[PDB]
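Encoded as structure tokens, here's the structure I'll be asking about.
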Amino acid sequence: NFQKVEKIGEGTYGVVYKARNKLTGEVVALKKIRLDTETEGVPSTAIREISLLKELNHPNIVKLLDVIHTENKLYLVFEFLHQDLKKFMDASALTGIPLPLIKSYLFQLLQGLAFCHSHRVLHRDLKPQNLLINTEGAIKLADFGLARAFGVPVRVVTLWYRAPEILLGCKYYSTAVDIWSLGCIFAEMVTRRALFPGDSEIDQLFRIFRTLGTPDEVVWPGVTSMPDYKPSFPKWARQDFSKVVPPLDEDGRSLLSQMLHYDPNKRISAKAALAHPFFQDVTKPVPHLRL
Ligand SMILES: O=C(Nc1ncnc2[nH]cnc12)c1cccs1
């Protein structure tokens, strides 16, 4: 029922094609979901989880158009967008993305997050490659909720945006994990360099600690009892944000600090972040996009 137009890439869960729906003419992103058994068919809890996502609709969430479970295989049909934030950042490297556009994108992403989180759905794997942009100035979160439905594999899956509680082996993390990832992405928009580009779980942890300080029981009650916490972690002091994300203004640096609080219970929520004075002068610029 779908004509493949071209291969978009290898996604987190399998190959993704730009395709045309033969009975509506709609152009879509068609995602084949890799079965690990392949042979046993689609686990039923995955189908039920994914089916729930068909209802979690918001303008800043890439729309799940259809779920097709046939021949004991799984395909997801998503709304197609022409650019991603990773590609847009690479393109804007000389000049950087203008503040007003960073601000608009951050605000839109926080709306999408606050919607999802109010329904107790997390993303868990936000990263620039899953932040998609249209010609209208919109940015939208892709693959929302797929991590809970299918798992997140090691394969390399980037660790750069992973929250510290996940890295310390917490099993029962919260919506705070997405706020951490979006804070990382905010910082990368501003500086044009990834904030914490680890190449292993411990390198990721120690890059975080080198910037934000090694966490202790003062800033994060309970941290020393986390599964993968080690008393022998090096004890680094915290750096100034003014060093970390120049030339971001005081309001941005305030917001960023709250999004990168170690204690997930103290980390700002998406709802609260929408109220932050950083967004007092937010607008919706139209991006400069060549397709
Ligand atoms: O799926 C990807 N990119 C995508 N590109 C256009 N529209 C999409 N809607 C949902 N995902 C989309 C991937 C990018 C790189 C690998 S897969």
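Values quoted throughout were computed directly from the atomic coordinates according to the rules given, and no laboratory measurement underlies them. Backbone-built Cβ (ideal geometry, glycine too); neighbour counts: all protein chains shown.
So for the pair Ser242, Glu201, with labels modelled 7 Å out along Cα→Cβ, what separation do we get in nm?
Reported label-point gap for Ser242 and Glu201 is 3.8 nm.
What ranking do 170-180, 103-113, 14-24 get when scored by the average of other Cβ atoms within 10 Å per residue, highest first?
The densest-packed peptide leads the list: 103-113, 170-180, 14-24.
Here's something else I'd like to know. Work through the residues other than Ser92 whose Cβ is under 12 Å from its Cβ and net out their charges, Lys, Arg +1 and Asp, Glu -1.
Around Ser92, the surrounding residues sum to +2.
For a protection proxy built on the mean count of beta-carbon atoms within 10 angstrom, sort 157-169, 240-252 highest first, please.
157-169, 240-252
What is the sum of charges, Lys and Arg at +1 and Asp and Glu at -1, for the other residues whose Cβ falls under 15 Å from the Cβ of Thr39?
That sum, taken over residues with Cβ under 15 Å, equals -2.
Would you order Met226, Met189 from fewest to most other beta-carbon atoms within 10 Å of each residue's own beta-carbon?
Going from least to most buried by this count: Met226, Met189.
In the structure displayed, which of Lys31/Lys266; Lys4/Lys284; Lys103/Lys171; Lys7/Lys271; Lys4/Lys87; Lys86/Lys284 lie more than 26 Å apart, Cα to Cα?
Where the Cα-Cα span goes over 26 Å, the pairs concerned are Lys31/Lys266; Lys4/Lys284; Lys103/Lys171; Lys7/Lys271.
Rounded, prolate or oblate: which fits segment 197-291 when a ≥ b ≥ c are the square roots of the eigenvalues of the alpha-carbon gyration tensor, with rounded for a/c under 1.5 and prolate only if a/b beats b/c?
Judged from the Cα gyration tensor, segment 197-291 comes out prolate (a/c at least 1.5, a/b above b/c).
Right, next: Going by how many other Cβ atoms sit within 10 Å of their own, how do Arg193, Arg290 line up, fewest first?
Listed from fewest to most nearby Cβ atoms, that is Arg290, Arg193.
Let me ask something else about it. Taking the Cβ-Cβ separation of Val152 and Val27 as r and a Förster radius of 25 Å, what is the calculated FRET efficiency to the nearest 0.05?
Efficiency at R0 = 25 Å is approximately 0.35.
Using alpha carbon coordinates only, what is the Rg to Rh ratio of the chain, with Rh defined as the Kirkwood radius?
0.97
Straight-line reach from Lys140: which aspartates and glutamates have a Cα under 12 Å away, not including same-chain ones fewer than 8 places off?
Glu79, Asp84
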